[PDB]
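A.B. asks: Below you'll find the structure I mean.
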Amino acid sequence: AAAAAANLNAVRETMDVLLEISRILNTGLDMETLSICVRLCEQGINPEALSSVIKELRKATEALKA
Amino acid sequence: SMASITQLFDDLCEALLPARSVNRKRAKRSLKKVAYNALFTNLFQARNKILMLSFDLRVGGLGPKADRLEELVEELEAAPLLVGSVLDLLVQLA
């Protein structure tokens, strides 16, 4: 009932706040990408590995930009 | 329901894909190839960290934020719902 949708608001509000801390810590992640990583994490993606894969592709992105 | 982690990686590559095409398409394929191979190498061979970061902004002079930040990591876990790992990642990408 009301808690089915009240769940969607909590995860929205709470997605907003640790986005904000992501911005503070200067991670580079925008909202869109952040969410992707939340999903990946929740599926079982190891955070170390996931950061690491974010790092290296930023790297190639930057380098592939030339 | 939830997306195959294939398509998640696909979305993330596209999420930071830089700017039909050919060089754009061969790039995406290589973006995926850096993404997967990097996951694959790293996996073959908690809040402590995030408080130590808030300390450094304090020593960075950044008082205001170091205040805010520890408020947010206290306010996150003051809630009983689905994230040690995301922090772990965030603190990883600091």
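Labels for the structure tokens follow display order: chains A, B, ..., residues from 1 in each chain, ligands from 1.
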Taking a cut-off of 7 Å and counting only C-alpha atoms, can you build a table that, for each residue of chain B near chain A, reports the nearest atom pair and how far apart they are in Å (one decimal), sorted by chain then residue number, as CSV?
C.D. replies:
residue,atom,partner,partner_atom,distance
B:5,CA,A:40,CA,6.5
B:8,CA,A:36,CA,6.3
B:12,CA,A:33,CA,6.1
B:15,CA,A:33,CA,5.9
B:18,CA,A:61,CA,6.6
B:31,CA,A:57,CA,6.6
B:34,CA,A:57,CA,6.3
B:35,CA,A:53,CA,5.4
B:38,CA,A:53,CA,5.5
B:39,CA,A:49,CA,5.6
B:42,CA,A:49,CA,5.9
B:43,CA,A:49,CA,6.6
B:69,CA,A:21,CA,6.3
B:85,CA,A:47,CA,5.6
B:86,CA,A:38,CA,6.4
B:88,CA,A:47,CA,5.9
B:89,CA,A:47,CA,4.6
B:90,CA,A:22,CA,6.1
B:92,CA,A:51,CA,6.2
B:93,CA,A:27,CA,4.9
B:94,CA,A:27,CA,5.1
A.B. asks: Please produce an output containing C-alpha atoms for each residue in the selection, written as a PDB file, in the first residue's frame.
C.D. replies:
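After the write, again10.pdb holds the following:
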ATOM      1  CA  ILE B   5      24.769  -6.227 -15.617  1.00  0.00           C
ATOM      2  CA  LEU B   8      24.462  -1.768 -16.938  1.00  0.00           C
ATOM      3  CA  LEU B  12      27.824   3.281 -18.040  1.00  0.00           C
ATOM      4  CA  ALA B  15      27.062   7.379 -19.770  1.00  0.00           C
ATOM      5  CA  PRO B  18      32.621  11.296 -25.288  1.00  0.00           C
ATOM      6  CA  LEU B  31      35.229   1.439 -24.099  1.00  0.00           C
ATOM      7  CA  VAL B  34      38.577  -1.444 -21.278  1.00  0.00           C
ATOM      8  CA  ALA B  35      35.640  -1.759 -18.891  1.00  0.00           C
ATOM      9  CA  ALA B  38      39.671  -3.949 -16.188  1.00  0.00           C
ATOM     10  CA  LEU B  39      37.044  -5.541 -14.009  1.00  0.00           C
ATOM     11  CA  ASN B  42      41.288  -6.403 -10.773  1.00  0.00           C
ATOM     12  CA  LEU B  43      39.230  -9.286  -9.486  1.00  0.00           C
ATOM     13  CA  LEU B  69      29.929  15.511   5.021  1.00  0.00           C
ATOM     14  CA  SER B  85      29.504  -0.741  -1.044  1.00  0.00           C
ATOM     15  CA  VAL B  86      28.484   2.518  -2.723  1.00  0.00           C
ATOM     16  CA  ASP B  88      33.353   2.139  -0.517  1.00  0.00           C
ATOM     17  CA  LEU B  89      33.152   3.085  -4.206  1.00  0.00           C
ATOM     18  CA  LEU B  90      32.647   6.791  -3.501  1.00  0.00           C
ATOM     19  CA  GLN B  92      37.394   4.926  -3.661  1.00  0.00           C
ATOM     20  CA  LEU B  93      36.833   7.667  -6.229  1.00  0.00           C
ATOM     21  CA  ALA B  94      37.699  10.519  -3.870  1.00  0.00           C
TER      22      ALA B  94
END
A.B. asks: Hey, what's within 12 Å of residue 52 in chain B if we count only C-alpha atoms and toss same-chain stuff fewer than 5 positions away? As a PDB file with C-alpha atoms, in the first residue's frame, please?
C.D. replies:
ATOM      1  CA  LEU A  25      34.356  13.996  -2.229  1.00  0.00           C
TER       2      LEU A  25
ATOM      3  CA  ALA B  46      34.659   0.968   5.950  1.00  0.00           C
ATOM      4  CA  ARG B  47      33.547   4.304   7.416  1.00  0.00           C
ATOM      5  CA  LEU B  57      39.150  18.873   4.355  1.00  0.00           C
ATOM      6  CA  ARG B  58      39.383  20.166   7.890  1.00  0.00           C
ATOM      7  CA  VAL B  59      43.136  20.276   7.517  1.00  0.00           C
ATOM      8  CA  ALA B  66      33.838  18.574   6.487  1.00  0.00           C
ATOM      9  CA  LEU B  69      29.929  15.511   5.021  1.00  0.00           C
ATOM     10  CA  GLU B  70      29.993  13.858   8.431  1.00  0.00           C
ATOM     11  CA  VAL B  91      35.511   6.834  -1.005  1.00  0.00           C
ATOM     12  CA  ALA B  94      37.699  10.519  -3.870  1.00  0.00           C
TER      13      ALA B  94
END
A.B. asks: One decimal, Å: what's the distance from CA of residue 28 in chain B over to CA of residue 40 in chain B, could you say?
C.D. replies: 18.0 Å
A.B. asks: Can you pull out every residue within 12 Å of residue 8 in chain A, counting only C-alpha atoms, but drop anything in the same chain fewer than 6 positions away, and send it as a ChimeraX atom specification?
C.D. replies: /A:2,14-15 /B:81-82
A.B. asks: Please identify the alpha helix (DSSP H) residues within chain B (assignment by DSSP from backbone atoms) and present them as a ChimeraX atom specification.
C.D. replies: /B:5-15,23-42,47-59,63-77,84-92
A.B. asks: Can you tell me which residues surround residue 27 in chain B at a distance of at most 9 Å, considering only C-alpha atoms, apart from same-chain residues fewer than 5 positions away, and format the answer as a ChimeraX atom specification?
C.D. replies: /A:64 /B:17,22,32
A.B. asks: Between CA of residue 9 in chain B and CA of residue 33 in chain B, what is the distance in Å, rounded to a tenth?
C.D. replies: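 Rounded to one decimal, the two atoms are 10.5 Å apart.
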